[PDB]
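# Chain and residue survey
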Amino acid sequence: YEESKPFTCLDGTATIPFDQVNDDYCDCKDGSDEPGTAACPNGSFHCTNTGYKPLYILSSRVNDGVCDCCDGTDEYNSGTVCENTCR
Amino acid sequence: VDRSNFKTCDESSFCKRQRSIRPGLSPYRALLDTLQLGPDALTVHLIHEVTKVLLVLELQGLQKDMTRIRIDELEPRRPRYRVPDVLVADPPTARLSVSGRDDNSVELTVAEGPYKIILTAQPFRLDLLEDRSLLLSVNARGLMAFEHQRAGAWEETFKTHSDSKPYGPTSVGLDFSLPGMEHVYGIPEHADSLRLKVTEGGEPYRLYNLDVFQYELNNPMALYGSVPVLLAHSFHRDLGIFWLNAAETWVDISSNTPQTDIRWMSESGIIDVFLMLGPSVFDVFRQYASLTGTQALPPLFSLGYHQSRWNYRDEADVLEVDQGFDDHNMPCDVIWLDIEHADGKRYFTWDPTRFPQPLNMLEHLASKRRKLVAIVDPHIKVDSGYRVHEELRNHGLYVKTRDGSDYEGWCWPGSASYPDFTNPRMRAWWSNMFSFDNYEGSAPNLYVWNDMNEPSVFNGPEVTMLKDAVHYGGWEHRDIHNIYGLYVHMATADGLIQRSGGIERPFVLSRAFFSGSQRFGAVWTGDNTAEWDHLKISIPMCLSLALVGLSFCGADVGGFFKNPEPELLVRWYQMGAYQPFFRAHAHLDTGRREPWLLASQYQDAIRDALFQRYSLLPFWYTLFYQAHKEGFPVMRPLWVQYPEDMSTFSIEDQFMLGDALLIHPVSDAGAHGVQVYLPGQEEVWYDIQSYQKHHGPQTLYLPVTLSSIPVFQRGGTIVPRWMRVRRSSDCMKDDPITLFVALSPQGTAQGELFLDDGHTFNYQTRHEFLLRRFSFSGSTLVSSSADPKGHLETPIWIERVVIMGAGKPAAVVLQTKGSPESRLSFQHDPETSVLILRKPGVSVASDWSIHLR
Ligand SMILES: COCCCCCCCCCN[C@H]1C[C@](O)(CO)[C@@H](O)[C@H](O)[C@H]1O
Ligand SMILES: [Ca+2]
Ligand SMILES: [Ca+2]
């Protein structure tokens, strides 16, 4: 048996364990350890948005209760249910 | 400046009469043969020695160490006004006892001591003592004056306006002596310094809710609100005086071993005064709160940032403003609609061209989790096609003139009538008008702004209602003037509650106010001007309101009149970001100044100020819960926290929020630094931007730049923040908390945090809330419950702890009830002695402890 390996911050600066990626706490000065949460002030969330143009939004708009992406994927645990509106 | 349209004291005939009585031997004397000790009060007859007029003094000791003095005529031709609806309860009394007497005096003991009242018979006089220490005297200068109702002292004119004055001279007045006091505060609203000035060589301070166009600074003219409450502070004690009179009132202040004398002069009503004996200023806060209540708990959104102007032009403009905040990464909770949103200033309507679909506009704002405020003034356009006017006219709910017709004056819609908000039937009608069926186009995210409720009457004397207009029960307008606006505020707030079935907390901004207005929402200082000295004066004005219970105060950010230069607008955002009511507003003819319209260096400074405010929302919310529960002001003068530091007694370019944050905003163009006075023997203060620690007491020279907001956290405190700034407070209110622990020199700290759903009365009706105590001592941080009755379903957790003034531990250990002991990682800066504990991950509803080893 052989184990796996950790994650390295894109800005250099730091290297963190794999389980601190998307753990809802900001460990990276450039926000790169939290692409899927609202945890970093300078992060970005990628909306694939099939059927329209892909879009990046501020991390602060992930699970803020507001539908920022036409595919609705920025709201996955907020009590706001976003319908797909990419037409 | 055109001030001839406002009366000086010499032009007010009752003030001229009263103020011509100078200190000397009072003609009043108490007839000790008439003395009666009752279940709640001592009553004794007074007599004017020359006129033989007979009065009744009603003297009461009250629970919570207060005294109430009421004086009325023994045999009045008709009843005098007694102010209703301001006291929240009939104050609980304490028993008086005759504990001494001679031929010219009676000594009374309140309950079993230590407070005593010495009633002197001739000349009439009252002395208030704790044991043997004289606290205060009444009528010591012999200025008591009581004009009895007889069978320009009568008919009187000012400018082209005529007061028929059908009841003649009825003014009352009384003086108070405060031995040992050199500093007095309160009686808002005036564009004047926090420490009140002596009036000996000029005008008394005037209390008469009036609309003063382009009001000027450092003068005692009456402005829009009147709170007749005066606080006195010395190194040794605090006292308050609450003069419960709703008529036009003038206040003289004189100094004289050191002693301050206060004289109140009111046009009508009875003499009704509460003496609040402290001894600490927090005792006075509690005493006054027991009488008039506490600050209504604001819905959380209303503590965010409000974007307003006269006027956003249509629905598209409002939605462009809303989208502008998001496109420029700036938070905002509320966009405001001034009077041009209505149909020709017919309130409760919408302009049919520019606001044709208000429900749809509100739905768009709701989808951004933002609110809207619409203005609703109390003047009703005289217009037979206007259903509001027709209902009020048909039901006889308007203020009347002496000949029985409805009063008609001039305001924004032209000719307008004024509902009688002193009539409970009118207030009930008003509240029901805010139902979603009656106020068509409104929705749960629409809140209200009451303006011009002094009431402002453009063709009236002093721009207000005629003194001899007639209200419910036949009382004259001169009797009730200063509570008219309060009644508007009250009825509107009750409307927003009722329309929700009693569930939603209201938000109402009001211009005019009185004692008790803190129960109904927020106030602001009216039409200020875009100039540096108006930026400065926002601190003493809101401090004077804070001291008398109105904690939800602010000034128009940027100034209402004129165009602020960009540096001034930046500094005003930074100032407003640390004041309770935080709204940018502007006159119709000003340039647009939404904050993203400025050059990028100014935008970034304003954005930074907005981010600081939103991050501090848990702190603001908890301070307002403490105001709501205890009556303690949110924004505080330094002397409230440092009562023995005499160098703080006049400071008004700095203030505290609670006991934890000291703020010195930059308020001069081109400033290179500020002088910050950091008080407290053995106290330390932390610069929250650099974490540099500073010992007190000192005056620190702090260099500043455009983005500087000088803010210091006091050692021994814990400040909760939401570090994830979002576009509005609704978006943030389930987010995790970061705790900022500022260690005392003894290595200790403590703080609180209140949480609830952010907008309902469920904290009260169902005890659905959390009140947490955070405390640090030794090397352990502990979260425990500060109120076990409160439970709350919430996802909020503790994501981070920042400890200032700490050394580097060897290990950090977290214990939570229900979980195994856990190890936390941490980062430590040896330069600043700042310790950051990574992701505790514990629910804010859970007891827990963190140990630094
Ligand atoms: C060229 O202008 C057209 C006519 C000039 C009239 C000038 C008198 C301005 C003072 C009014 N103050 C109000 C009313 C208010 O202006 C509108 O409701 C609010 O914005 C404000 O906050 C409040 O204090
Ligand atoms: Ca992480
Ligand atoms: Ca979103």
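Residues numbered from 1 in each chain as written, not as in the entry; some residues may be left out. Chains lettered and ligands numbered in written order. Heavy atoms only, no water. Residues with missing side-chain atoms left out of burial classes, pairs and counts.

## Overview of unusual backbone geometry
All names here are of chain B.
- Geometrically, the link from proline 188 to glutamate 189 is a cis peptide bond, its omega value of 10 degrees lying close to zero.
- Among the secondary structure elements, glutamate 189 is positioned in the loop between β15 (183–186) and β16 (205–207).
- Each neighbour pair has its own omega, and for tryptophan 310 with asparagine 311 the value is 0 degrees, a cis peptide bond.
- As for its position among the elements, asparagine 311 is in the loop between β22 (306–307) and α3 (315–327).
- In this model, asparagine 218 sits at a positive phi of 55 degrees, which is unusual for a non-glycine residue.
- Despite not being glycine, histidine 767 shows a phi value in the positive range, around 50 degrees.
- Structurally, the position occupied by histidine 767 is in the loop between α14 (762–765) and β44 (770–777). (Helix = DSSP H or I, 4+ residues; strand = E, 2+ residues; numbered from the N terminus.)

## Some thoughts on the site of ligand 1
Residues and elements named next belong to chain B.
- What surrounds ligand 1 is a group of 13 residues, the closest being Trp310, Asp338, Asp527, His585 and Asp589.
- Contact between ligand 1 and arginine 511: an oxygen atom at 3.1 Å from a side-chain N or O atom of the residue.
- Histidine 585 has a polar side-chain atom sitting 2.8 Å from an oxygen atom of ligand 1.
- Relative to its unbound accessible surface of 590 Å², ligand 1 loses 78% to contact with the protein.
- Residue composition of the shell around ligand 1, by class: seven nonpolar, one polar and five charged. (Near = heavy atom within 4 Å. Polar contact = N/O pair within 3.5 Å; in protein donor to acceptor, adjacent residues only side chain to side chain. Areas by Shrake-Rupley, 256 points an atom, 1.4 Å probe, with all protein chains shown as cover. Nonpolar A, V, L, I, M, F, W, Y, C, P; charged D, E, K, R; others polar.)

## Focus on the pattern of salt bridges
Residue and element names in this part refer to chain B.
- Counted according to the given criterion, the structure contains 61 salt bridges over all chains.
- The closest approach of N and O atoms between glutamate 49 and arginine 29, which form a salt bridge, is 2.5 Å. Taken together, the residues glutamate 49 in the loop between β2 (42–48) and β3 (54–62) and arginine 29 in strand β1 (residues 28–37) connect sequence positions 20 residues apart.
- Exposure remark for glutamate 49: the relative accessible area of 28% places this residue in the partly exposed category.
- The class of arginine 29 is partly exposed, set by a relative accessible area of 27%.
- For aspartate 847, the salt bridge goes to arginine 772, with nearest N and O atoms at 2.7 Å. Of this pair, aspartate 847 sits in the loop between β50 (834–843) and β51 (848–852) while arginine 772 sits in strand β44, and the two are 75 residues apart along the sequence.
- When its relative accessible area of 42% is taken as the criterion, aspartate 847 is described as partly exposed.
- Accessibility expressed as a relative area gives 3% for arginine 772, which makes it buried. (Salt bridge = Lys/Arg side-chain N within 4 Å of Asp/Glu carboxyl O. Buried < 20%, exposed > 50% of the residue type's maximum accessible area, 1.4 Å probe, protein only.)

## Examining the nonpolar core
Residue and element names in this part refer to chain B.
- Formed by 193 residues in total, the largest nonpolar core has its most connected members in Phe348, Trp430, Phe507, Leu657, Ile803 and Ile850.
- The element contributing the most residues to this core is helix α7 (residues 477–498), with eleven residues.
- Not counting residues up to four positions away in its chain, the partners in contact with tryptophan 430 are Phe348, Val376, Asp377, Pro378, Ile380, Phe421, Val488, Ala491 and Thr492.
- With 52 residues, the next largest nonpolar core counts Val44, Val138, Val184 and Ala232 among its residues. (Core = buried A, V, L, I, M, F, W, Y, C linked by side-chain atoms within 4.5 Å. Contact = heavy atoms within 4.5 Å.)

## Side note on the interface of chain A and chain B
- Facing 16 residues of chain A, the contacting portion of chain B comprises 16 residues.
- Taken together, the two surfaces of chain A and chain B that pack against each other cover about 1,400 Å², and 37% of this comes from carbon and sulfur.
- The largest per-residue losses of area from chain A upon contact with chain B belong to A:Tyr25, A:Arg61 and A:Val66, which jointly make up 41% of the total buried on that side.
- Summed over the shared surface of chain A and chain B, the number is six salt bridges.
- Across the contact surface, chain A and chain B share eleven residue pairs in polar contact. (Buried area = accessible area lost by both parts, 1.4 Å probe.)

## Focus on the coordination of the calcium ion (ligand 3)
- Coordination sphere of the calcium ion (ligand 3), protein contribution only: A:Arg61 (O), A:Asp64 (OD), A:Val66 (O), A:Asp68 (OD), A:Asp74 (OD) and A:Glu75 (OE), at 2.2 to 2.4 Å.
- Considering all six donor atoms around the calcium ion (ligand 3), angles at the metal cover 79 to 173 degrees and the coordination shape is octahedral. (Donors = N, O, S within 2.8 Å, 3.2 Å for Na, K, Ca; no water. Tetrahedral: all angles 85-135°; square planar, octahedral: opposite > 155°, others 65-115°.)

## Some thoughts on the coordination of the calcium ion (ligand 2)
Residue and element names in this part refer to chain A.
- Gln20 (O), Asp23 (OD), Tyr25 (O), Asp27 (OD), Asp33 (OD) and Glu34 (OE) make up the full set of protein donors to the calcium ion (ligand 2), lying at 2.2 to 2.4 Å.
- Here the calcium ion (ligand 2) is ringed by six donor atoms whose angles at the metal span 80 to 173 degrees, and the overall shape comes out octahedral.
- Positions of the donor residues of the calcium ion (ligand 2) along the chain correspond to the pattern Q-x2-D-x1-Y-x1-D-x5-D-E.

## Examining the UniProt feature "disulfide bond" in chain A
All names here are of chain A.
- UniProt pairs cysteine 9 with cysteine 28 in a disulfide, and the structure agrees, placing their sulfur atoms 2.0 Å apart, under the 2.5 Å limit. Highlighted residues: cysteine 9 in the loop between β1 (7–8) and β2 (15–16) and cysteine 28 in the loop between β2 and β3 (44–47), separated in sequence by 19 residues.
- Judged by its relative accessible area of 4%, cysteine 9 falls in the buried class.
- For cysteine 28, a relative accessible area of 7% corresponds to the buried category.
- A sulfur-sulfur distance of 2.0 Å is found between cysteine 67 and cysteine 82, whose disulfide is recorded in UniProt, and that is short enough to count the bridge as formed. Taken together, the residues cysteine 67 in the segment after β4 (55–58) and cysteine 82 in the segment after β4 connect sequence positions 15 residues apart. (Disulfide = S-S within 2.5 Å. UniProt positions renumbered as here; feature names shortened; annotations may be inferred.)

## A look at the domain arrangement of chain B
- As assigned here, chain B comprises domain 1 (1–279), domain 2 (280–631), domain 3 (632–715) and domain 4 (716–853).
- Computed over C-alpha atoms, the centres of domain 1 of chain B and domain 4 of chain B are 49 Å apart. (Domains from an automatic or database assignment.)

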